[PDB]
Each structure stands twice: as C-alpha cells, then as structure tokens.
Amino acid sequence: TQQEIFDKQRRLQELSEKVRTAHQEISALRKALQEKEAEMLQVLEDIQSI
Amino acid sequence: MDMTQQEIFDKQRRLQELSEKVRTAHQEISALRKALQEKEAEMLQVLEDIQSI
Amino acid sequence: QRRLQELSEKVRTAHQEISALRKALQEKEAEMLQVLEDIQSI
Amino acid sequence: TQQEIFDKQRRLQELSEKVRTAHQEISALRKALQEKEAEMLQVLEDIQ
C-alpha cells in the first residue's frame with residue numbers, strides 16, 4: 001500500500017547510499033591494492049635484473 | 001663462472017635487501033586486502049538488508 | 001502496483017555473484033601471497 | 001658457491017613467474033568483480 005511502499009523507499013535510499021559509500025571505499029582501496037601489487041611486481045623484476 | 005667471494009657476498013646483500021622489500025610488500029598487500037575484505041563484506045551485508053526489505 | 005520484487009530478485013543475484021567472485025579473488029590472492037612467502041623465504 | 005647463488009636465483013625466477021600468472025588471473029577476476037559491482041549499482045540507480 002501507499003505508505004508501506006514509501007517506507008520501503010526511505011529505508012532503501014538510506015541503504016543504497018551506504019552501499020555507494022562502501023563501494024567508494026572499496027574502489028579507492030582496490031586502486032591502492034592494485035598500485036601496491038604493482039610495486040611488488042616491480043620488486044620481483046629488480047631481483048631478476050640483479 | 002669466476003665471481004669470487006666479495007662479489008658473491010654483495011649478491012647475497014642485494015638478494016637479502018630485496019627479500020625484505022618482498023616481506024614488506026607481502027605485509028602491505030596482506031593488510032590492504034584484509035581491509036578490502038571487510039569493506040566488501042559490509043557492502044554485501046547492506047545488499048542483504050536491501051534484499052530483505 | 002509497485003514491484004521492487006524484481007529488484008529484490010536482481011539484488012539477490014548480484015549479492016550471490018559478487019560474493020562468489022570476491023571469494024574466488026581472495027583465494028587467488030592467497031595463492032599469490034603464499035608464493036611471495038616462498039620467494040621471501042628462499 | 002656461485003652455483004648455490006645461480007640456483008637460488010633460478011628458483012626465484014620460477015616462483016616470480018608463478019606470482020605473475022596468478023596476478024594476471026587476479027587481474028581478470030577483479031575486472032569481472034568490478035563489472036558485477038557496477039552492474040549492481042545500475043540496478044540500485046533504477047529509481048526511475
């Protein structure tokens with residue numbers, strides 16, 4: 001029903017934004033992770049080149 | 001096939017120093033993904049909450 | 001006739017798929033990190 | 001020994017190779033995961 005649906009909306013939007021905030025932290029954490037793995041590979045190549 | 005000791009010693013020196021950078025990479029990698037594990041679990045948990053409304 | 005039940009079912013699939021992918025990723029990362037331990041301890 | 005080093009250097013190349021293939025696999029799985037996370041958001045964004 002009308003009000004029952006809106007309550008779903010209110011709950012959802014609060015929930016979605018939590019997901020978007022989580023994802024940003026994830027997406028930014030993933031880049032940091034990727035960059036860090038890149039340093040790790042650069043190191044393996046240095047051990048190889050010496 | 002004729003390196004001598006000192007050049008060998010220096011090999012071990014560089015090999016060791018890079019072995020430490022590897023440990024450092026392992027630690028930093030190991031912590032970054034654990035962190036990543038946890039924010040993904042938090043987002044997935046919220047996905048559950050959404051699904052159950 | 002608001003049907004977010006279609007969304008609920010879509011979200012459920014996403015949670016499922018994201019979760020398996022993420023677990024596959026974690027295991028392959030652990031494989032990789034184990035080889036680093038091997039490299040470090042050699 | 002120089003052979004002990006050349007061995008403890010060839011073993012590292014082998015192991016580094018394992019890291020690199022595993023990292024390529026990780027890279028593809030991460031890209032898969034990314035697309036799935038973004039495709040999910042495309043669902044949550046459908047408030048219209």
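The basis for the numbers below is simple: all heavy atoms, side chains too, and nothing from hydrogens, waters or symmetry mates. Just so we're on the same page: letters track the sequence lines, and every chain starts at 1.
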Audit row: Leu12(D), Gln48(A), side chain to side chain contact (heavy atoms under 4.5 Å, CB included) steps and yes/no:
CA-CA 8 Å; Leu12(D) 294 171; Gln48(A) 183 180 3; over 6 Å; no
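- Interatomic distance, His23(D) NE2 to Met40(A) CE, rounded to the nearest 0.5 Å: 5.5 Å.
- The line from CD1 of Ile26(A) to CD of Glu37(D) is 5.5 Å long, rounded to the nearest 0.5 Å.
- Looking at heavy atoms from C-beta onward, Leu44(A) lies out of side-chain contact with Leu15(D) at the 4.5 angstrom threshold.
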